[PDB]
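K.L.:
Here is my input, please return the structure:
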Amino acid sequence: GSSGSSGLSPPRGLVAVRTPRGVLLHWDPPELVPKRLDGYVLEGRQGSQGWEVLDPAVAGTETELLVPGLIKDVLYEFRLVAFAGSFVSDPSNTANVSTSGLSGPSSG
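P.N.:
Residues are numbered from 1 along each chain as shown. Below is the structure:
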């Protein structure tokens, strides 16, 4: 335990919607903030690969982001962790993306 001490709540409603232009991620802003948000950090990875920092610098007001840097036939994960200056927050729930039938024929 003992991983510091800050009053910054992590994000929520973290999801990943695979799109043709890339992958859209939807999250929620941390109602609990010590003051102002510095920005979040999008961390994804394939299946059980190394957590790759997609973008550690994410608008502290943004509620989503695009990540076309995904691979097919794989399942890229995601995790947003809000942080305020010296303060940081835990990486909201993990977001998984699918790409087995993406960009193709489908009716509903």
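K.L.:
helix or strand for residue 2, which one?
P.N.:
Residue 2 is part of no helix or strand, with elements assigned from DSSP states H and E.
K.L.:
Please name the residues that touch residue 70.
P.N.:
Neighbouring residues of residue 70 by CB atoms under 8 Å, 6 or more residues apart in numbering: 18, 22, 23, 44, 76, 97, 99. Any C-beta I mention is one placed from the backbone N, CA and C, and that applies to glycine too.
K.L.:
and the last one, how many neighbours?
P.N.:
It refers to residue 99. 15 (other CB atoms under 10 Å).
K.L.:
sorry, back to before: make a PyMOL selection of whichever of the contacts of residue 70 turn out to be buried.
P.N.:
Selecting the buried subset of those in PyMOL, with 16 or more other CB atoms under 10 Å as the burial test, is done by:
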select buried, resi 18+23+44+76+97
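K.L.:
Looking at the contacts of residue 70, which one is closest to residue 88?
P.N.:
Nearest to residue 88 out of the contacts of residue 70 is residue 44 (CB to CB; 18.0 Å).
K.L.:
Would you mind confirming that that closest one makes contact with residue 74?
P.N.:
No: at 10.9 Å, residue 44 does not count as touching residue 74 under the criterion of CB atoms under 8 Å.
K.L.:
For the helix or strand hosting residue 16, name the packing helices and strands.
P.N.:
If you go by DSSP H and E, residue 16 is part of strand 12-18. Secondary-structure packing of strand 12-18 (3 or more CB pairs under 8 Å, 6 or more residues apart in numbering; DSSP states H and E): strand 23-28.
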